[PDB]
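Read through the structure below, which is laid out as structure tokens, and then see the notes.
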Amino acid sequence: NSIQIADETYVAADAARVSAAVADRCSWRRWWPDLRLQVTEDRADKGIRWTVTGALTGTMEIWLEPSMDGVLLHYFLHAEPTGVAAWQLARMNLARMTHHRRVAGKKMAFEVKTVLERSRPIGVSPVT
């Protein structure tokens, strides 16, 4: 495929929390505004498998592998620019496009990391 990504990020949180975060349909709109996702498989504490439409056509997955105090959040994408003619594909910079999709994947992962690792709010119970 023209766009191929396999990245990993450590999140120091329970697989259940991480899987729930990545499965949030409203988050998908923020993370991937030019993609429409359809769930093919929900695999609970192990992540999720999608089909992708919109700007890209293909498959996308998250897999969670326990590590340390949490999980390694695997982000996978295999896709093509949707619908393009060969003349269009031939003029695209697939490396740059792949880079942009990697950065967006990592922004998703780092958001999930940030939110789930965040420490207790100030002057909210319990104070210890």
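Labeling convention for the structure tokens: chains A, B, ... as they appear, residues from 1 per chain, ligands from 1 in order of appearance.
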Helix (DSSP H, G or I) residues, from DSSP on the backbone, in chain A, as an MDAnalysis selection string: chainID A and resid 15:22 25:31 44:46 86:90 94:117
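Excluding residue 25 (chain A) itself and any same-chain residue fewer than 5 positions from it, the protein and nucleic acid residues within 12 Å of it, counting only C-alpha atoms, are residues 20, 30, 31, 32, 33, 35, 36, 37, 38, 39, 48 and 50 of chain A.
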Those same residues, written as a CSV table (one decimal), in the first residue's frame with N, CA and C atoms?
chain,number,residue,atom,x,y,z
A,20,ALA,N,-10.6,1.7,25.9
A,20,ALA,CA,-11.8,2.5,25.9
A,20,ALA,C,-11.5,3.9,25.3
A,30,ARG,N,-11.7,14.0,16.0
A,30,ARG,CA,-10.6,14.9,16.3
A,30,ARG,C,-9.3,14.4,15.8
A,31,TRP,N,-9.0,13.2,16.0
A,31,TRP,CA,-7.8,12.6,15.6
A,31,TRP,C,-7.6,12.5,14.1
A,32,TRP,N,-8.6,12.1,13.4
A,32,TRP,CA,-8.6,11.8,11.9
A,32,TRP,C,-9.8,12.5,11.3
A,33,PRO,N,-9.8,13.9,11.2
A,33,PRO,CA,-10.9,14.6,10.7
A,33,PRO,C,-11.2,14.3,9.2
A,35,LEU,N,-10.9,11.3,7.8
A,35,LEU,CA,-11.2,9.9,7.6
A,35,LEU,C,-12.6,9.6,8.2
A,36,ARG,N,-13.3,8.6,7.6
A,36,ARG,CA,-14.4,8.0,8.2
A,36,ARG,C,-14.0,6.6,8.6
A,37,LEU,N,-14.3,6.2,9.8
A,37,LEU,CA,-13.9,4.8,10.3
A,37,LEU,C,-15.2,4.0,10.6
A,38,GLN,N,-15.1,2.7,10.2
A,38,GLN,CA,-16.1,1.7,10.5
A,38,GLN,C,-15.4,0.6,11.3
A,39,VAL,N,-15.9,0.2,12.5
A,39,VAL,CA,-15.4,-0.8,13.2
A,39,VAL,C,-15.6,-2.2,12.6
A,48,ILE,N,-8.7,-2.6,18.7
A,48,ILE,CA,-9.7,-2.4,17.8
A,48,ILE,C,-9.2,-2.5,16.3
A,50,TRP,N,-10.4,-1.3,12.3
A,50,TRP,CA,-11.3,-0.5,11.5
A,50,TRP,C,-11.0,-0.7,10.0
Residues of region 8-80 of chain A that approach region 97-121 of chain A to 9 Å or less, counting only C-alpha atoms: could you list each one with the shortest pair of atoms and its distance in Å to one decimal, rows by chain and increasing residue number, as a Markdown table?
| residue | atom | partner | partner_atom | distance |
| --- | --- | --- | --- | --- |
| A:8 | CA | A:106 | CA | 8.4 |
| A:9 | CA | A:109 | CA | 6.5 |
| A:10 | CA | A:113 | CA | 7.6 |
| A:11 | CA | A:113 | CA | 5.1 |
| A:12 | CA | A:117 | CA | 6.3 |
| A:13 | CA | A:116 | CA | 6.3 |
| A:14 | CA | A:116 | CA | 8.9 |
| A:17 | CA | A:116 | CA | 7.4 |
| A:18 | CA | A:112 | CA | 7.0 |
| A:21 | CA | A:112 | CA | 6.5 |
| A:22 | CA | A:112 | CA | 7.4 |
| A:27 | CA | A:108 | CA | 8.7 |
| A:28 | CA | A:108 | CA | 8.8 |
| A:30 | CA | A:108 | CA | 8.9 |
| A:31 | CA | A:108 | CA | 5.9 |
| A:32 | CA | A:104 | CA | 7.4 |
| A:73 | CA | A:109 | CA | 7.2 |
| A:74 | CA | A:109 | CA | 8.9 |
| A:75 | CA | A:105 | CA | 6.8 |
| A:76 | CA | A:105 | CA | 8.7 |
| A:77 | CA | A:101 | CA | 8.7 |
Could the residues in this selection be saved with N, CA, C and O atoms as a PDB file, in the first residue's frame?
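Output file part.pdb is given in full below:
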ATOM      1  N   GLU A   8       4.563   2.445  17.790  1.00  0.00           N
ATOM      2  CA  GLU A   8       4.209   2.064  19.139  1.00  0.00           C
ATOM      3  C   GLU A   8       4.497   3.195  20.116  1.00  0.00           C
ATOM      4  O   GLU A   8       5.513   3.891  19.978  1.00  0.00           O
ATOM      5  N   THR A   9       3.656   3.258  21.168  1.00  0.00           N
ATOM      6  CA  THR A   9       3.788   4.260  22.227  1.00  0.00           C
ATOM      7  C   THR A   9       3.479   3.590  23.546  1.00  0.00           C
ATOM      8  O   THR A   9       2.451   2.934  23.655  1.00  0.00           O
ATOM      9  N   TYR A  10       4.272   3.849  24.595  1.00  0.00           N
ATOM     10  CA  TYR A  10       3.979   3.278  25.903  1.00  0.00           C
ATOM     11  C   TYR A  10       2.979   4.173  26.621  1.00  0.00           C
ATOM     12  O   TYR A  10       3.142   5.395  26.658  1.00  0.00           O
ATOM     13  N   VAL A  11       1.941   3.557  27.161  1.00  0.00           N
ATOM     14  CA  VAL A  11       0.962   4.243  28.028  1.00  0.00           C
ATOM     15  C   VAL A  11       0.927   3.488  29.357  1.00  0.00           C
ATOM     16  O   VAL A  11       0.540   2.309  29.416  1.00  0.00           O
ATOM     17  N   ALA A  12       1.217   4.201  30.423  1.00  0.00           N
ATOM     18  CA  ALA A  12       1.237   3.637  31.777  1.00  0.00           C
ATOM     19  C   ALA A  12      -0.159   3.679  32.396  1.00  0.00           C
ATOM     20  O   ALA A  12      -0.443   4.417  33.352  1.00  0.00           O
ATOM     21  N   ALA A  13      -1.050   2.878  31.815  1.00  0.00           N
ATOM     22  CA  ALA A  13      -2.434   2.731  32.267  1.00  0.00           C
ATOM     23  C   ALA A  13      -2.945   1.347  31.887  1.00  0.00           C
ATOM     24  O   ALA A  13      -2.393   0.690  31.014  1.00  0.00           O
ATOM     25  N   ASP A  14      -4.014   0.914  32.584  1.00  0.00           N
ATOM     26  CA  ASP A  14      -4.637  -0.373  32.372  1.00  0.00           C
ATOM     27  C   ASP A  14      -5.156  -0.474  30.947  1.00  0.00           C
ATOM     28  O   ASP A  14      -5.692   0.476  30.400  1.00  0.00           O
ATOM     29  N   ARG A  17      -8.626   0.843  30.188  1.00  0.00           N
ATOM     30  CA  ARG A  17      -8.768   2.282  30.048  1.00  0.00           C
ATOM     31  C   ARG A  17      -8.237   2.707  28.689  1.00  0.00           C
ATOM     32  O   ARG A  17      -8.794   3.581  28.042  1.00  0.00           O
ATOM     33  N   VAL A  18      -7.094   2.146  28.290  1.00  0.00           N
ATOM     34  CA  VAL A  18      -6.495   2.569  27.044  1.00  0.00           C
ATOM     35  C   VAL A  18      -7.408   2.154  25.881  1.00  0.00           C
ATOM     36  O   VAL A  18      -7.682   2.932  24.972  1.00  0.00           O
ATOM     37  N   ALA A  21     -10.343   4.410  25.580  1.00  0.00           N
ATOM     38  CA  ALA A  21     -10.006   5.717  25.042  1.00  0.00           C
ATOM     39  C   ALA A  21      -9.893   5.687  23.524  1.00  0.00           C
ATOM     40  O   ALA A  21     -10.372   6.563  22.852  1.00  0.00           O
ATOM     41  N   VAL A  22      -9.249   4.656  22.984  1.00  0.00           N
ATOM     42  CA  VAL A  22      -9.025   4.619  21.557  1.00  0.00           C
ATOM     43  C   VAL A  22     -10.292   4.216  20.811  1.00  0.00           C
ATOM     44  O   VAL A  22     -10.393   4.532  19.635  1.00  0.00           O
ATOM     45  N   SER A  27     -13.671  10.888  19.640  1.00  0.00           N
ATOM     46  CA  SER A  27     -12.241  11.171  19.534  1.00  0.00           C
ATOM     47  C   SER A  27     -11.723  10.968  18.103  1.00  0.00           C
ATOM     48  O   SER A  27     -10.812  11.647  17.635  1.00  0.00           O
ATOM     49  N   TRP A  28     -12.275   9.962  17.403  1.00  0.00           N
ATOM     50  CA  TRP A  28     -11.814   9.671  16.058  1.00  0.00           C
ATOM     51  C   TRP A  28     -11.964  10.896  15.145  1.00  0.00           C
ATOM     52  O   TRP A  28     -11.187  11.070  14.206  1.00  0.00           O
ATOM     53  N   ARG A  30     -11.696  14.006  16.019  1.00  0.00           N
ATOM     54  CA  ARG A  30     -10.636  14.943  16.314  1.00  0.00           C
ATOM     55  C   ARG A  30      -9.308  14.445  15.781  1.00  0.00           C
ATOM     56  O   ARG A  30      -8.511  15.221  15.268  1.00  0.00           O
ATOM     57  N   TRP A  31      -9.042  13.167  15.953  1.00  0.00           N
ATOM     58  CA  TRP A  31      -7.751  12.629  15.574  1.00  0.00           C
ATOM     59  C   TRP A  31      -7.559  12.500  14.059  1.00  0.00           C
ATOM     60  O   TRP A  31      -6.429  12.653  13.559  1.00  0.00           O
ATOM     61  N   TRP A  32      -8.635  12.144  13.355  1.00  0.00           N
ATOM     62  CA  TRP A  32      -8.606  11.847  11.949  1.00  0.00           C
ATOM     63  C   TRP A  32      -9.762  12.550  11.264  1.00  0.00           C
ATOM     64  O   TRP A  32     -10.683  11.929  10.767  1.00  0.00           O
ATOM     65  N   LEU A  73       0.914   0.773  22.951  1.00  0.00           N
ATOM     66  CA  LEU A  73      -0.195   1.092  22.046  1.00  0.00           C
ATOM     67  C   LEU A  73       0.366   1.076  20.634  1.00  0.00           C
ATOM     68  O   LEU A  73       1.161   1.940  20.258  1.00  0.00           O
ATOM     69  N   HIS A  74       0.071  -0.007  19.918  1.00  0.00           N
ATOM     70  CA  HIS A  74       0.477  -0.193  18.525  1.00  0.00           C
ATOM     71  C   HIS A  74      -0.551   0.495  17.655  1.00  0.00           C
ATOM     72  O   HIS A  74      -1.751   0.183  17.742  1.00  0.00           O
ATOM     73  N   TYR A  75      -0.090   1.354  16.766  1.00  0.00           N
ATOM     74  CA  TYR A  75      -0.917   2.022  15.775  1.00  0.00           C
ATOM     75  C   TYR A  75      -0.486   1.526  14.398  1.00  0.00           C
ATOM     76  O   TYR A  75       0.670   1.663  13.990  1.00  0.00           O
ATOM     77  N   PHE A  76      -1.419   1.012  13.629  1.00  0.00           N
ATOM     78  CA  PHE A  76      -1.178   0.416  12.313  1.00  0.00           C
ATOM     79  C   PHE A  76      -2.126   1.049  11.289  1.00  0.00           C
ATOM     80  O   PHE A  76      -3.308   1.207  11.563  1.00  0.00           O
ATOM     81  N   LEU A  77      -1.608   1.404  10.111  1.00  0.00           N
ATOM     82  CA  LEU A  77      -2.402   1.903   9.011  1.00  0.00           C
ATOM     83  C   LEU A  77      -1.837   1.306   7.722  1.00  0.00           C
ATOM     84  O   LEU A  77      -0.628   1.343   7.495  1.00  0.00           O
TER      85      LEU A  77
END
Which residue of A:64, A:43, A:128, A:1 approaches residue 94 (chain A) most closely, using only C-alpha atoms: A:1
Residue 59 (chain A) surroundings by only C-alpha atoms, 8 Å radius, close-in-sequence under 4 positions cut, as a ChimeraX atom specification: /A:49-52,77-79
Take the residues from that selection and write them out as a short mmCIF file (atom, residue, chain, number, x, y, z; two decimals), in the first residue's frame, keeping N, CA, C and O atoms.
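The resulting file, result.cif, is shown below:
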data_model
loop_
_atom_site.label_atom_id
_atom_site.label_comp_id
_atom_site.auth_asym_id
_atom_site.auth_seq_id
_atom_site.Cartn_x
_atom_site.Cartn_y
_atom_site.Cartn_z
N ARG A 49 -10.08 -2.87 15.39
CA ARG A 49 -9.76 -2.95 13.97
C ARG A 49 -10.83 -2.19 13.20
O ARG A 49 -12.03 -2.35 13.48
N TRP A 50 -10.39 -1.33 12.28
CA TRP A 50 -11.25 -0.49 11.48
C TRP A 50 -11.02 -0.72 9.98
O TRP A 50 -9.92 -1.05 9.54
N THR A 51 -12.06 -0.38 9.21
CA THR A 51 -11.90 0.01 7.82
C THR A 51 -11.98 1.53 7.74
O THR A 51 -12.69 2.20 8.50
N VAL A 52 -11.22 2.04 6.79
CA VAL A 52 -11.06 3.46 6.60
C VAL A 52 -11.61 3.84 5.24
O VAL A 52 -11.26 3.19 4.25
N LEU A 77 -1.61 1.40 10.11
CA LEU A 77 -2.40 1.90 9.01
C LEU A 77 -1.84 1.31 7.72
O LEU A 77 -0.63 1.34 7.50
N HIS A 78 -2.70 0.78 6.85
CA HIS A 78 -2.35 0.42 5.49
C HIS A 78 -3.45 0.99 4.62
O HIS A 78 -4.59 0.55 4.72
N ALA A 79 -3.12 1.95 3.76
CA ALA A 79 -4.19 2.59 2.98
C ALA A 79 -3.64 3.20 1.70
O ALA A 79 -2.43 3.34 1.50
#
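Computed from the coordinates, the CA of residue 19 (chain A) to CA of residue 6 (chain A) distance equals 17.5 Å.
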